[PDB]
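Visitor: sequence-free structure coming up:
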Ligand SMILES: *[C@H]1O[C@H](CO)[C@@H](O[C@@H]2O[C@H](CO)[C@@H](O[C@@H]3O[C@H](CO)[C@@H](O)[C@H](O[C@H]4O[C@H](CO)[C@@H](O)[C@H](O)[C@@H]4O)[C@@H]3O)[C@H](O)[C@H]2NC(C)=O)[C@H](O)[C@H]1NC(C)=O
Ligand SMILES: CCCCCCCCCCCS[C@@H]1O[C@H](CO)[C@@H](O[C@H]2O[C@H](CO)[C@@H](O)[C@H](O)[C@H]2O)[C@H](O)[C@H]1O
Ligand SMILES: CCCCCCCCCCCS[C@@H]1O[C@H](CO)[C@@H](O[C@H]2O[C@H](CO)[C@@H](O)[C@H](O)[C@H]2O)[C@H](O)[C@H]1O
């Protein structure tokens, strides 16, 4: 994707049109932004495609001769359409020469010309102009017909071809061998093949017609250029490499700053991710401001890189626009230096200059079109290989023999077999078994042997590698496959039912099924009972859209489906293996009735149900070991005996004892992220209001974009004035000619500087707003109550990506893309005004036609009416049927319904197809109007222009007529691409609405607050009739009047069942949540009165699983505290009391080793003691212990528990323990049961009562 758009961007770089230079620069920045960039800042490539490509002639096979002719007709007509603009260049030269001449006549009182002395009468001018006017009229009607034929022909053939390609592919894929589906064992194969089926259509449609059109515009565009002046063309083409180098300069800058900016914010992205993920930890350790500082330092670094991006984009885009007009200047300077010599005609100079532009523009338009053909040849291969190109060895559609009437005598003889995939491990090795007509034979054995493969070889899914399998004496390889499948019924372990009604699934059992026939088989399979009990009965849909039936219910319908055709040979492959014990009963009762009256081969997991089989065949390592009924094999003490007794023992022992999901683009997500919240989407003004602090940069940027806007209307004056030089001059073509040619150098310098100042300063305003919103939003998030983080929308990753992509998404509506729209709007107003200033009669006529011209440009964009979402939605329905057939090929191939699924796909394709060819005509008509409306303007402007000169007074002068035309046509050159801002703006309005609303949400329990009582704690913790419920589950109350008191230095212990309320004591005291009744007093003061930040620093926590941050152990211990507060000696002193000094000091680098790097290298016992080290450095007045030991009351438990008691010495403590053993040594203990304490006392005292 990225390698293509990079080469396409160079093709656009060679375009000499001034509006294209703006267009090609805007598109280059898009190439290195969201969705086009990976995680490192690099461009996406190769991943989104096939290695081998199909021939273009081969690609267009399946087209009738009539359509192949339509393809030929449409191609020739396309070359004519492309030859239109170069043909206009000759007409533009002739009419300008005619107009410039009549001016000399008016300047010289109505006479004859200087060259050759031609009396240029009113009729000489009238004949010249009407000749041009009639030509533009001929092209207006002509190019509409030329345009409509090109598109209608190409889209009609593209639809007619792909409609045949779709059905011929499904026709072929269901007839493939099962072995092929083993090699292509991917479940996404069907969906990927249909994704390719669409990509072939995209690159064989009208896009090829367009490719030929832009191809001939490059050729005829330069032919006309070279045949009029081979010198000026070389002069002009010599300046393009300097312009292309500036184009490369944009691509080089935007790519290197995309990598540098993503790497610099990657550091900030890790800060926001690791702290929100464990916010309860960072809040407890009191280091929110430390993190707020790190993220601010990192975002400032990303801003510095972002402002520098605008500087390099400013010089690049500024230079490219400047070198563009230098190409004009240099051509005009040598142009007068050729007309004065008499070597070059003026009209031919106007033609050659216009022709080169049409040619250079064509190159950048051809590239994108040829590329779609390239991906069309690729995607086709995967389809083609399957598509009749490979003759499958197991053809589901052939002729073997049908004459025989089957009794049911099966004979497996010396059958050796190995699956094609994994051909190294054999499965069957000389198996010999016999099944007589009517017998209900059973295959028993271990997992190794292939009892189940016998069924696969009887259905002929795979061929016998050595040996033979015969039905009624005839080898299966000789019998007709379709006939074989119709006579042999299968009931596999996992039943496959298609997305249709119950009776429709059963009907797939027989060709001419009757309702009476179905119920008879449905009652036999014990399914009639539950079907009547559910709504719609048989007419109910069973599948994805319908009701989800039970596994045992689904199997009984499958049993019924196998019975409807009334088979002579029926196979049961562990049909009761994937069912629960309660549901297995009815199914087996149904399998028994189904087996009676025919020959049946049963593969069973439960050997109890295999007891009364007519014959039991035991398999081992792919061969038969014993054959005989239950009585015989049990008397032999063979493999069967071993299996039965072993199983029946396990059965007796058990009976006595017991009896990534979603992925899409930015626009869609931001619509759902606006949802979930109150998020009222923002507008442009609101976003500017937030960018108020950067109003200076924003003002300079928009002011320099307004002055920059006046450059197109003046370029209009600078060009018509250069023409006016040739309008009657006593060899003054040099004095005035070299002046205007050099005036384009001034113009180039004017736009170069204006363009630089625009992108750079709007770059500061946008990147600064990004920084401002980032620091503002993260401070808002860290100051939240923690009940905030319990909400789904406030997930660690959802907030992280909002600061990563959504804030820079808001940026795109304020950077240089927004600035250029202002530039385009100003030129459009100034130009139209300047046009009226020169002549209102001419101006008003042109403007009256412009809405028709714009409408034609609108239709060239391809969008008709509003959207295409409903048109291509009907194609998905046909896909769903075909995908389901490929997902369940084994089932459709066994029921021989592979032919019926093909017809159901075709019938569902008929609706979308009939509408599509109807659409090809409408779409063609649309392009006819699109590619002919430009000639409609010229045929009217020159007709109205002539009528204003041919008048008696006269009303308007020849040159003044042209100054009006070029004032509008040049000033509205940039308007077509100006509409590319609105999709980016709409995307930014969603992002802003979320972010600005997120900032409006203030905390209920404001951390980072400087307000409240900042007191020195002692330890008097008191809970008084405390009632609490979690914010996400407000109704269900966890604490129901918890009351207790803890004195300084005293330790209380909370013990009880799970979900009683003892777990919330550590949270409420650290103020993670507020009480819903009752107060919590800490040293006399109620907890709500205290300043959170100041009291949390005097409280420490050691949890069950303590999380450590990505840093050194030294820094991980003193995480909260500032560097210039605690000495290194205090850290080691804290480590020696926590029993870690030996682990770290006697370890390389000491405490400077990276802990928590890609998981923790240290054990759960080491982490728990580093958590004790954290608590000791900053001597806590109270210390919260919540499930302190996660060492499973074993060896690692005694080492860490002894260290815990060395800490809770001079400080008060509260221990919450799930294990009642480690509770002893506490000054008091309490038992919580329903959110209230029942009994209190000491270990000794509490033990007395029972
Ligand atoms: C190219 O442009 C026009 C074509 O319409 C043409 O203009 C002529 O201008 C003259 C001078 O102003 C006009 O006036 C007179 O026309 C009559 C009838 O044609 C002539 O008889 C006149 O000629 C002379 O007659 C006498 C002969 O000696 C003189 O005494 C007297 O002074 C005149 O000079 C005179 O031209 C005239 O109406 C038009 N021409 C015509 C044919 O009507 C101009 O001449 C053309 N240029 C060239 C080089 O062909
Ligand atoms: C409802 C009647 C509307 C009439 C008002 C017209 C207002 C001025 C023209 C606005 C529409 S023209 C615009 O012109 C662009 C260029 O022709 C179209 O973009 C297409 O062509 C571009 C080439 O410049 C490609 O870059 C772009 O990928 C493609 O979508 C857009 O789809 C198309 O919307
Ligand atoms: C009251 C006020 C009414 C205002 C109405 C404004 C209507 C403006 C219509 C703009 C149509 S888009 C315009 O279409 C023009 C062709 O119709 C484009 O002109 C360029 O491309 C042409 C080839 O299609 C060249 O002939 C032309 O030289 C070039 O400038 C421009 O690049 C492209 O921006």
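Guide: All right, it came through fine. Residues are numbered from 1 along each chain as shown. Ligands and ions are numbered 1, 2, ... in the order given.
Visitor: contacts and neighbour counts: CA atoms only from here.
Guide: Fine.
Visitor: Now do the helices in the stretch 551-700 of the chain.
Guide: 551-563, 584-595, 630-634, 639-657, 666-672, 684-690, 695-707 (DSSP state H, counting those that start in this stretch).
Visitor: err, the stretch 1151-1250 of the chain, not the other one
Guide: According to DSSP H, counting those that start in this stretch, the helices that the stretch 1151-1250 of the chain contains are 1164-1177, 1195-1204, 1243-1248.
Visitor: Going by neighbour count, list what's buried in the second one.
Guide: Residues of helix 1195-1204 classed as buried by neighbour count (16 or more other Cα atoms under 10 Å): 1196, 1197, 1200, 1201, 1203, 1204.
Visitor: and the direction of that helix versus that of helix 1164-1177, what angle?
Guide: 10 degrees (axes from the mean of the first three to the mean of the last three Cα atoms, to 10 degrees).
Visitor: got the angle for the helix or strand containing residue 826 vs helix 695-707?
Guide: Element membership for residue 826, per DSSP states H and E: helix 816-838. Interaxial angle, helix 816-838 versus helix 695-707 (the same axes, to 10 degrees): 40 degrees.
Visitor: any chance of the helices of the stretch 1151-1250 of the chain in a markdown table, plus distance to ligand 2?
Guide: Formatted as a markdown table, the helices of the stretch 1151-1250 of the chain follow (distance: least, Cα to the nearest ligand atom, whole Å):
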| stretch | distance to ligand 2 |
| --- | --- |
| helix 1164-1177 | 56 |
| helix 1195-1204 | 65 |
| helix 1243-1248 | 78 |
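Visitor: Could you list the contact residues of the protein toward ligand 3?
Guide: For the chain, the residues in contact with ligand 3 (Cα under 6 Å from any ligand atom) are 847, 850, 851, 853, 854, 857, 934, 972, 973, 974, 975, 976.
Visitor: Out of those, list just those in helices.
Guide: Counted as lying in helices by DSSP state H, out of those, are 847, 850, 851, 853, 854, 857, 934.
Visitor: thinking again about what came up before, which among the residues of the chain next to ligand 3 count as buried?
Guide: By neighbour count, with 16+ other Cα under 10 Å, the residues of the chain next to ligand 3 hold 850, 853, 854, 857, 934, 972, 973, 974, 975 as buried.
Visitor: Close to ligand 2 as well: tell me which of those qualify.
Guide: Of those, the ones that also sit near ligand 2 (Cα under 6 Å from any ligand atom) are 854, 857.
Visitor: Show me what counts as buried in stretch 634-650.
Guide: 634, 639, 640, 641, 643, 644.
Visitor: Grab the nearest non-local neighbour of the second one.
Guide: Residue nearest to residue 639 in three dimensions, not counting chain neighbours: residue 618, with 6.8 Å by Cα to Cα, 6 or more residues apart in numbering.
Visitor: Pretty sure the one you found sits against residue 449.
Guide: No. Counting by Cα atoms under 8 Å, residue 618 stays clear of residue 449, with 9.5 Å between them.
Visitor: And these two? Which one has more around it.
Guide: residue 618 (25 against 20; other Cα atoms under 10 Å).
Visitor: quick one, domains of the chain?
Guide: As assigned by curated CATH domains, the chain contains the domains 1-42+82-407+662-1011, 408-660, 1012-1250.
Visitor: Nearest to residue 59, out of those domains?
Guide: Closest to residue 59 of the domains of the chain, according to Cα to Cα: domain 1-42+82-407+662-1011, at 6.9 Å.
Visitor: And the helices of the stretch 1151-1250 of the chain: which comes nearest residue 110?
Guide: helix 1164-1177 (101.8 Å).
Visitor: Excluding chain neighbours, what is closest to the residue in the stretch 51-200 of the chain positioned nearest to ligand 3?
Guide: Relative to ligand 3, the nearest point of the stretch 51-200 of the chain is residue 85 (6.7 Å; Cα to the nearest ligand atom). Distance criterion Cα to Cα, 6+ apart; nearest residue to residue 85, sequence neighbours excluded, is residue 358 at 6.6 Å.
Visitor: Was I right to think that neighbour contacts residue 215?
Guide: No. If you go by Cα under 8 Å, residue 358 and residue 215 don't touch, sitting 11.2 Å apart.
Visitor: Pick out whichever of those two has more residues nearby.
Guide: residue 358 (28 against 24).
Visitor: quick one, phi psi at residue 496?
Guide: phi -110, psi 110 (degrees, to the nearest 10).
Visitor: Contact partners for it?
Guide: Residues near residue 496 by Cα atoms under 8 Å, 6 or more residues apart in numbering: 558, 888, 891.
Visitor: can you list the residues of the protein near ligand 2?
Guide: 854, 855, 857, 858, 860, 861, 976, 977, 979.
Visitor: Quickly note the distance from the closest residue to the fourth one other than its chain neighbours to residue 359.
Guide: With Cα to Cα, 6+ apart as the measure, residue 930 is the residue that lies nearest to residue 858, at 7.9 Å, once sequence neighbours are left out. Shown here: residue 930 relative to residue 359, a distance of 20 Å by Cα to Cα, to the nearest Å.
Visitor: do residue 1090 as well
Guide: Residue 1090 is 77 Å from residue 359, by Cα to Cα.
Visitor: neighbour count winner among those two?
Guide: The neighbour comparison of residue 1090 against residue 359 (other Cα under 10 Å) goes to residue 359, with 27 against 19.
Visitor: The more buried one: which element?
Guide: Using DSSP H and E, residue 359 falls in helix 346-384.
Visitor: Kindly report the same for residue 331.
Guide: Residue 331 belongs to helix 288-339, assigned by DSSP H and E.
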